[PDB]
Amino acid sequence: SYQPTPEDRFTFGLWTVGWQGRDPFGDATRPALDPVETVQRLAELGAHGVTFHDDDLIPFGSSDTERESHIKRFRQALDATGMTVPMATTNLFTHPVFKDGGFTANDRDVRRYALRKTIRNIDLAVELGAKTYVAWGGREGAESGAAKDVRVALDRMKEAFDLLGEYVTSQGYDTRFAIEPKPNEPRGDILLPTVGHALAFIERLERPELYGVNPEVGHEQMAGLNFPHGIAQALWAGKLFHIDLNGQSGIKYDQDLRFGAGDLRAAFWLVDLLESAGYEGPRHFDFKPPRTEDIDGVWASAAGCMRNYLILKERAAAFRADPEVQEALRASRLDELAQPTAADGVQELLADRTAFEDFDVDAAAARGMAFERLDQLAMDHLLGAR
């Protein structure tokens, strides 16, 4: 049933199937995976590519000899499978030197080091073929109010992203940045907590065009927000450069369940939106196989991610294609939302008696929107009871 193909553009980070199971209250339940074995098993599952943090490929502290060998094995696995590397990122959160941040650490020397660690991995990403470079500022923030002046930390954050933009422009590299928002965890509150904050920030950068967002399903759901609405605003702004798919069941710690789990109706409305907007980037899964699972449970969770996307794609396409749904969208006046409010400008509007003086407000008030019927047709499609 529903098999992944390379044209579905499913990708996974080395850190997702590679998660060993270490959590705040417990030790690892799985052995470390070799990146080479991960590229091979994912190519067998039907994935199109893999992503990585620098510390997933090259152990922190590796000499340039050991680094070369790691990179070399990895590149041989890719070349043998035809797997691509669409995106890459830096780990600016695991090592204790980043306990107060990377780009917005209060210590200047830590900020400089964070920038050098990042530029080094940007050079590697570009030769491996990555066209999107992701920044998740997991340690940028605070647990207490005087620990961080946020206006000055946004200057430092703007300064870091402007220097990265200056560096790829002078190298003539074809790579764009995507900021990944998260409202909290591991910091009490993280800077640029949602898609909207990250979008507003990009507009204050010296080269706005170089930067977009990499929203994640479970991160906007950790603030109780509607992830399809956030994604529609990122698409409206032209800034959906990448997306991270997974599941989350409410406002609690960051779960990273496989895609489809968590809020199932929101995953349906997200696939419907991505598919009807013709989003063309990777469908990247950033999930963690639960630590209850062994390695077979890992590849079953990874396969379940892609399967759930393909079943929802099919139900959504069937929803939109149904004549009765099309008729119900006309009835709920979704065609009329697409017509301009006042295409002849404000002076026509002002002159129009029917827009105010003679508007029958109670006739209009009494029209039913027919939204429940439309939503129960969407329910029957999702459940295949239509």
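Position 1 is the first residue in the sequence shown; the rest follow in order.
Here 83-91 and 221-229 are compared by their mean Cα B-factor, and 83-91 comes out higher. The question of which stretch, 63-71 or 24-32, has the higher mean Cα B factor is settled in favour of 63-71.
The PDB entry gives the largest Cα B-factor of the residues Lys313, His242, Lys158, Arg176 to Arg176. Of the residues listed, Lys131, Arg139, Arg151, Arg116, the entry assigns the biggest Cα temperature factor to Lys131. Ranked within its chain, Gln347 lands in the highest third, by CA B factor from the PDB record. For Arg120, the recorded CA B-factor ranks within the highest third of the chain. Only modelled residues enter the ranking. Among all modelled residues in its chain, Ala385 ranks in the highest third by Cα B-factor. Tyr279: CA B factor lies in the highest third for its chain, per the PDB record.
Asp296 sits in the highest third of its chain by CA B factor, as recorded in the PDB entry.
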